[PDB]
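A.B. asks:
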Amino acid sequence: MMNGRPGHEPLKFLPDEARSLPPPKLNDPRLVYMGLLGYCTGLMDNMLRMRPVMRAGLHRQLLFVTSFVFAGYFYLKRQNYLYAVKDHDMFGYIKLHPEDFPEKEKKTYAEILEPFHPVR
Amino acid sequence: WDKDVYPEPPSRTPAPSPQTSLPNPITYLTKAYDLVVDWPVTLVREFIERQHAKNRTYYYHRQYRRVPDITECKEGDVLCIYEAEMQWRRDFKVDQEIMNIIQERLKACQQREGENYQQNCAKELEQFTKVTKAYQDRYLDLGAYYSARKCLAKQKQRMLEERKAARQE
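Read top to bottom, the protein sequences are chains d and p. Per the deposited numbering, the first sequence starts with residue 1, numbered consecutively. Per the deposited numbering, the second sequence starts with residue 4, numbered consecutively.
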């Protein structure tokens, strides 16, 4: 739905506005989870091909980990940008259309009479 | 212990007033029991007391200060509602312990008055029935999910009934 958003660049992974967002930590739980997925990928690769496990393909395992992290960093950056854009447009729309999102003013529990439902 | 919370009338005992020229095995066994059991035990407890007093330590009660009640709380503000529900639950536990205290008073009065209890144990009886009716008009017909809002709805229904009653001339 955000494809028709104005200024939307076609096939731009990371526009220049996204550089104003803060990046990840590089210690994020999800990037280390992706590294763990890469390690398990190497382990499964060795298990399938009748190879030792945690001993055989240390260059392959390192490559799996690094590929997963090096992809997850940029994909997570893109997703952060997209969610930022969501909040941005939502805020702009409520600020442009306050008649539809009025300044509601709620009441207290002394003035409203909620009904009683015994258990007995 | 605190004889204003937990009152105890004084244990007035009659003087022995014996008639026989014969002995009572109770009293001499009491002497033996004292000078055998009570003396070393008192020695041990005095030792333990002075060893407490060597290095005495204190503790406190944690006075909890009052908070905006739920009637001063807005529908949806979960922070105010949380604090109000918490102070309500605190008062609720306190009310159960009050009810326990009064039941304890009633039982102890029943035992000390014993047989002639249904004429001179009526004070604690009424002090039990009043607080019971309070608890009943305060916490009774709720359920496991009691809360400040449910007690408030109950109070409000009851005040409505009372208003409809006093409407009548």
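Cβ atoms here follow ideal geometry from the backbone N, Cα and C, with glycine treated the same way.
1. Name, in chain order, the residues that DSSP records as bridge partners for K157(p).
2. Please list, in chain order, the residues of the segment 96-108 of chain d that have any C-beta partner in chain p closer than 7 Å.
3. Spell out the partners DSSP gives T108(d) in its beta bridges.
4. For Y109(d) and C76(p), which I take to be in contact (beta-carbon distance under 8 Å), what is that distance rounded to the nearest angstrom?
5. When the distance is taken between beta carbons, is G146(p) closer than 8 Å to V119(d)?
6. Checking contacts by CB at 8 Å: is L31(d) closer than that to chain p?
7. Under a CB-based cut-off of 8 Å, is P52(d) close to chain p?
8. State the Cα-Cα distance for the pair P52(d) and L14(d), rounded to the nearest angstrom.
9. Buried or exposed for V65(d), please, with buried defined as at least 16 other CB atoms from any protein chain shown within 10 angstroms of its CB.
10. If you run the structure through DSSP and keep just helix, strand and coil, what is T33(p)?
11. Is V97(p) closer than 8 Å to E86(p) when the C-beta atoms are compared?
12. Residues of chain d with CB under 7 Å from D144(p), in chain order?
13. Would you please verify whether the beta carbon of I73(p) is less than 8 Å from any beta carbon of chain d?
14. For the putative contact between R108(p) and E127(p), defined by C-beta atoms under 8 Å, what is the C-beta separation to the nearest angstrom?
15. Give the residues from the segment 156-168 of chain p that approach chain d closer than 7 Å (Cβ to any Cβ), ordered along the chain.
16. List the residues of chain d whose Cβ lies closer than 9 Å to the Cβ of residue 2(p), in chain order.
17. Let me know if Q22(p) comes out buried or exposed under the rule of 16 or more other beta-carbons within 10 Å of its beta-carbon.
18. List, in order along the chain, the chain d residues whose C-beta lies closer than 9 Å to that of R59(p)?
19. Closer than 7 Å between beta carbons: that is the criterion. Which residues of the segment 1-23 of chain d meet it against chain p?
20. Is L113(d) close to chain p, meaning its C-beta is less than 8 Å from at least one C-beta of that chain?
21. Can you tell me whether DSSP reads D87(d) as helix, strand or coil?
22. Looking only at its own chain, which residues have a Cβ that is under 7 Å from the Cβ of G38(d), when we skip the five neighbours before and after it?
23. Could you check where the alpha helix (DSSP H) with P29(d) kicks off and where it finishes?
24. Rounded C-beta distance between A156(p) and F116(d)? I'm assuming under 8 Å.
25. Cβ of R152(p) less than 8 Å from any chain d Cβ?
C.D. replies: Considering the structure as presented:
1. Under the DSSP definition of a beta bridge, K157(p) lacks any partner.
2. Flagged, chain order: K106, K107, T108.
3. Answer is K77(p).
4. Indeed they touch by this definition, with Cβ atoms about 6 Å apart.
5. Yes, the Cβ-Cβ distance between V119(d) and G146(p) is below 8 Å.
6. Not closer than 8 Å to any Cβ of chain p, the Cβ of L31(d) fails to qualify, so no.
7. By this cut-off, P52(d) is not an interface position.
8. Answer to the nearest angstrom: the Cα atoms are 40 Å apart.
9. Burial state of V65(d) is buried, judged by a 10 Å Cβ sphere holding 16 or more other Cβ atoms.
10. In the structure shown, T33(p) adopts helical secondary structure according to DSSP, grouped into three states.
11. No, these two residues do not count as a Cβ contact at 8 Å.
12. What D144(p) touches in chain d: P118, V119, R120.
13. Closer than 8 Å: yes.
14. Going by Cβ atoms, the distance from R108(p) to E127(p) rounds to 5 Å, so yes, they are a contact pair.
15. Contact annotation: in the segment 156-168 of chain p, residues whose CB is within less than 7 Å of a CB in chain d are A156, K157, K159, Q160.
16. The question about residue 2(p) has no answer here: the residues shown for chain p are numbered 4 through 172.
17. Burial call: exposed.
18. Result: empty, since nearest Cβ-Cβ is about 48 Å, beyond 9 Å.
19. Those would be none; no residue qualifies.
20. True, the Cβ-Cβ gap to chain p drops below 8 Å.
21. Helix, per DSSP.
22. Non-local C-beta neighbours of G38(d) in its own chain, meaning closer than 7 Å and more than five positions away in sequence, comprise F64, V65, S67, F68, ordered along the chain.
23. Per DSSP, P29(d) belongs to the alpha helix (DSSP H) from 29-48.
24. Your pair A156(p) and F116(d) checks out as a contact, with CB atoms roughly 4 Å apart and the cut at 8 Å.
25. Against chain d, the CB of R152(p) has a partner CB under 8 Å away; the residue lies at that interface.
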